[PDB]
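# 3D model of this:
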Amino acid sequence: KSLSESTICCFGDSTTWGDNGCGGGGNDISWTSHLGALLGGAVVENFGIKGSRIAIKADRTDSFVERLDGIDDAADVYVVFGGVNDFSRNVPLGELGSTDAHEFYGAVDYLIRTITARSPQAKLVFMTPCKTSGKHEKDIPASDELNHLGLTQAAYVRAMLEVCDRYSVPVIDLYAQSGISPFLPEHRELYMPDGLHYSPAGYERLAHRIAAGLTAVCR
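Residues are numbered from 1 along each chain as shown. Dropping the coordinates below:
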């Protein structure tokens, strides 16, 4: 049950699938492709889907809530990394205690309960969604801008942290500490070409930060 002997299921959005900014790239450039070796030989599975919100919304059918039952249930560690699309595509926040999987609070609650039900011995770690400088041609706000509900990304991050706290879930706070900033021009150029996704070099750098984070909370 050490990390080097573990199978790690990475459940995420474009930033797990490996989008390089243009809808291209893919799993072979994602941080998931680097992580196993950084952890001494873990087997890493990529369950990232572009465009996916944590919460259900009527305009799509591929939310994390909807996808969960179809991902591997037999892994040793689950790493859940999402929420930037909930912010950018106006998922209602709700309140702590929600069980509506159309609200962000309720969707995070559903994921933790349901991962635990289907994978009762696995470790579960959430990673807060990374910042973005926005992609307005796709109507995606920057992290510090308001979405159409009048919320910033920080409200979604706080909600995730509060639900994780309820269930004592370890968190790697990539929102606050990924070490790659889309607000810095050199990091846009090298690591985050569209201010939201990652280049191959950006995903390699992110993999190192994620490895350190996982080692810090799992043994």
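
# confirm for me that residue 54 is in contact with residue 62.
No - using Cβ atoms under 8 Å, residue 54 is not in contact with residue 62, being 11.2 Å away. C-betas here are computed from N, CA, C, even on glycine.

# quick one, which of the two is more surrounded?
Legend: neighbour count by other Cβ atoms under 10 Å for residue 54 and residue 62, higher for residue 54 (28 against 14).

# specify the local secondary structure of the more buried one.
Of the three states, residue 54 takes coil under DSSP: H, G, I helix; E, B strand; the rest coil.

# got a list of what it touches?
63, 64, 65, 82, 83, 85, 86, 91, 104, 107, 108, 111 (Cβ atoms under 8 Å, 6 or more residues apart in numbering).

# right, and the first one touches residue 53 too?
To tie it back to what came earlier, the one meant is residue 63. Yes - the criterion here is Cβ under 8 Å, and residue 63 meets it with residue 53 at 5.1 Å.

# mutual contacts of these two, please.
Common neighbours of residue 63 and residue 53 (Cβ under 8 Å, 6+ apart) are residue 107.

# and the residue nearest to residue 140 when sequence neighbours are not counted, what does it touch?
Excluding the flanking residues, the one nearest residue 140 by Cβ to Cβ, 6 or more residues apart in numbering is residue 88, at 4.5 Å. Neighbour list for residue 88: 132, 139, 140, 141, 147 [criterion: Cβ under 8 Å, 6+ apart].

# my read is that residue 68 contacts residue 113, right?
No - in this structure, residue 68 is not within contact of residue 113 by Cβ under 8 Å, at 10.4 Å.

# noted, bye for now.
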